[PDB]
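Below is one structure, written out as structure tokens; the observations come after it.
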Amino acid sequence: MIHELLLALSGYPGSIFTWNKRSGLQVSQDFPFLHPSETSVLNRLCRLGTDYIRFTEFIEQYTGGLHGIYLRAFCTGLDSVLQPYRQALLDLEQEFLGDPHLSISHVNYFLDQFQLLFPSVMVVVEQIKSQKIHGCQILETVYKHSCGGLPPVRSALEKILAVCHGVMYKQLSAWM
Amino acid sequence: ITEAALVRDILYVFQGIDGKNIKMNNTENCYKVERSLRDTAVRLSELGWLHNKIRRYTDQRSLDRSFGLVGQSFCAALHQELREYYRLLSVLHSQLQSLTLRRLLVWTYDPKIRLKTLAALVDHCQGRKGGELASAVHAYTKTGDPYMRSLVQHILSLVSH
Amino acid sequence: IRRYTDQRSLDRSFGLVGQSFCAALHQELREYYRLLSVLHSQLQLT
Amino acid sequence: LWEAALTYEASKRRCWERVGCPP
Amino acid sequence: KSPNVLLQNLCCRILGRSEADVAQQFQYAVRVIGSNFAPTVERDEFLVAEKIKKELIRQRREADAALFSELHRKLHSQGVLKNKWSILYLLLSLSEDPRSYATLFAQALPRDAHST
Amino acid sequence: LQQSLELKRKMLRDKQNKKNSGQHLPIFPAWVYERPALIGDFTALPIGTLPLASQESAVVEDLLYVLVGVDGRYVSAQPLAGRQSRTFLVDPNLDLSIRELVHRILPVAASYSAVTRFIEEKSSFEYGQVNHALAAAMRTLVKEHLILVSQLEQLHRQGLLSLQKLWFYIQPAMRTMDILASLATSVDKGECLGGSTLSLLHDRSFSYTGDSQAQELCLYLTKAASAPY
Amino acid sequence: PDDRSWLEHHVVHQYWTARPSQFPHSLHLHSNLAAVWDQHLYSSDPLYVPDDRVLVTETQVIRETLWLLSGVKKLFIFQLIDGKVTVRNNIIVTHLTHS
Amino acid sequence: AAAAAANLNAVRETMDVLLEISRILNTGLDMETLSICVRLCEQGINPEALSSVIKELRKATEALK
């Protein structure tokens, strides 16, 4: 349950939280071994995992159409921004090792800063798909959102943008 | 019906999550029960009524980039303050399996005015952006209540960066 | 003693020596009630 | 005797399946 | 160990001296500690929680007053103690500051209405 | 209830002509004034034919409930909801001696209703910065009372409480509630704000100084209220 | 007897070997998930014919995967049946329910 | 036994939490002295007397400086 979740929060859905592309991380199974209202909680939490599953698929395919070394620079920084979310999945299991009384609310509380970083990058990846932008103008729509309005997304898109500029420093060494 | 069920149900309506034998009736009404404890319950359940208003609005404005830097910072601050409310609630959840301290009436009392303040704060700043909003929060720190004057001052310090 | 207390605490033209005198007869009503409490616990005896 | 003996350094290996007292 | 010899361990813990090097302190505490073997007020775990929370409110650290509630939980998760009240009344008395009144603050039940 | 909505606007007109370089002065939403649950105050057997020491338990439970506000199953809070007052109606299926003692205990619940109304009404900006500080330190004295009644509740649940014991327990807080109720009456009566309710408290500081139980209260409230001024 | 017990204890010999083993690990859902979900399924009337599976413990699966990573060929689980390593389906643990 | 030593492991865990609570509030105590203080509170005695004897003994060890 606290291993099934910690893999449903990872990229392996299982019998509880089934994965579909028309609706991700579905729950409809009645649980007389839990409380009735807990499902409501769980629904909210599902949105955190879904994006993380979504984010991986994008990194998989993009590593004419949508191609280039630019497409190997956005995905590369998107790994680094998810890195404190991978570490934060190990931390939960380490806490579960000792305590038997830990509940869902602590997991919700702990991963609070990731409900603001993840959705505002989801719009960026959908914009990069819907528009056929594949050259240097990928950096533009990052640069508009890097100004930011919420503190998580101000630093993580910065992480990605620096890598883009560093790959440009190879082309603009060979040229100059 | 049993009292132990009601304790856990009222423990969910702090989160803004309906109970089982206590349920939300309308948005214009607070949670009314599906006897003396039933009378006690309404004052405890007001916190979720406030919670819904704050959470819905910051949920919308987090997905809004037409709201600008000033104010998306404010919504970030509101989310950040609601996290602290979750920190207290999570312990109270986990201490299941003595937990009724006047059915936690004294426990909820320090958050109740803190939630009232933010529900007022968002509506005073409704329709404003930039320095127009900054004045609407700066009027709020000429106040004479020490708990509130301490509260508003750091949020404004965030907004004014 | 209680009838006296009932009137002096409702006299607000009784000075500030009256509100030190009357507080030295509040303590001795409270002490009386305390003795009642202790014997009452031991009564729930002849 | 007892609390002085209590100050011993026990295991640091933990199981997953065992939740209630995994020594 | 018997309750009398146990205090002699304390005087060698606090002081660096032996029990022979100073015994006048150990003579002073047998006089003081021996009058009772019980608390002078009836206990409740709620009050002592709200007096340690009161202390951290007075030091303006609201997060640590709730870190304690988590440390109170793991203590309860095992639950090998029922003298939880006493050792916390001890540590609260000995608190230090790493930089009014009490006639209106709620005090414990006096046992002056209880059979003693 | 109805009369406060007038007062706020008239004092705002005074402040409106007085201040023309400050804009959009703080006013709380309408619901803040409408809601009846922001204050503390707002099954039944034929207990008379029951034995006496069971009536004792039923009544100690209901009275402890009334202290923090909620009504019992044999006492009802009468609908008044104007001035600084509240009366209560006990049912005559109680034994009359215990009913007399219950009557004697109920003034501190009237001295809870008047007390909790003040904090809600004198929080708005048109009653002044100093009234905010005055209501904000009256709130502390509510918190400590809520603390003490909980120890009483835990002792009663174990079957170790009686009416005489409750009576003795609540006698110290009786004076505290009395001071707060009379002070609130006086502060509303003069409609005091600014320095006038630093004169009234200056009077009260000399007024009770013997017991030093009320002296501490008035001194603390003076120290708290004078801080914005 | 006293040798075979020493075997059975210190080395595993219970999931590649026909012996139905148990390990009550302080049950109660957080690591009991498979049994809980199965009880729920029986109460909901599947209708019955329950699956008999091997009940392998946890560390053993980890060791098996690491062996597969080494390059060892023809294993007890992940045996090839078409030239593609195909995982065994008669597995059950006290959690995850094998899905 | 084995389960008895498991209980003796669990009580050492609780005692480590009792050390943690001591240091987050800044006391002069250490674990060796706390090992005495715990047995004293096990036997039952007024803890204000124990705080008073500790606050005299700490001012009798400043005469070694």
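Which chain is which? They are A, B, C, D, E, F, G and H, in the order written, and residues in each are numbered from 1.
The rule we apply is simple: a residue touches a chain if its C-beta (ideal position, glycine included) is under 8 Å from a C-beta of that chain, and two chains touch if they have at least 3 such contacts.
Student: Could you pull out the chain whose C-alpha mean position is farthest off from that of subunit G?
Tutor: C
Student: Rounded to the nearest whole Å, what is the centre-to-centre distance of subunit B and subunit G, using the mean of the C-alpha atoms as each centre?
Tutor: About 47 Å separates the centre of subunit B from that of subunit G.
Student: Which whole number of Å gives the spacing of the CA centres of subunit B and subunit F?
Tutor: Here the centre of subunit F sits 25 Å away from the centre of subunit B.
Student: Counting only Cα atoms for the centres, state how far subunit C is from subunit G in Å.
Tutor: A distance of 78 Å separates the two centres.
Student: Could you tell me the distance, in whole angstrom, between the mean C-alpha positions of subunit D and subunit F?
Tutor: A distance of 53 Å separates the two centres.
Student: Send over the residues of subunit C in touch with two or more other chains.
Tutor: 34, 37, 41
Student: Two or more other chains touching the same residue: where does that happen in subunit G?
Tutor: In subunit G, 28, 30-31, 95 touch at least two other chains.
Student: Where in subunit H do residues touch at least two different other chains?
Tutor: Residue numbers touching two or more other chains: 10-11, 38-39.
Student: Name the touching chain pairs, would you?
Tutor: By the stated definition, chains touch in these pairs: A-B, A-D, A-E, A-G, B-E, B-F, C-E, C-F, D-G, D-H, E-F, E-H.
Student: Going by the contact rule at the top, pick out the subunit B residues touching subunit E in the complex.
Tutor: Residues 87-88, 91, 94-95, 101 of subunit B touch subunit E in their complex.
Student: Sort out for me which residues of subunit D touch subunit G in the complex.
Tutor: Spelled out, the residues of subunit D in touch with subunit G are 15-21.
Student: What part of subunit E is in contact with subunit C in the complex they form?
Tutor: Those residues of subunit E that touch subunit C are 112-115.
Student: Under the touch definition given earlier, write down the residues of subunit A that touch subunit E in their complex.
Tutor: 98-101
Student: Can you tell me which positions in subunit E touch subunit A when the two form their complex?
Tutor: Subunit E residues touching subunit A: 73-74, 77.
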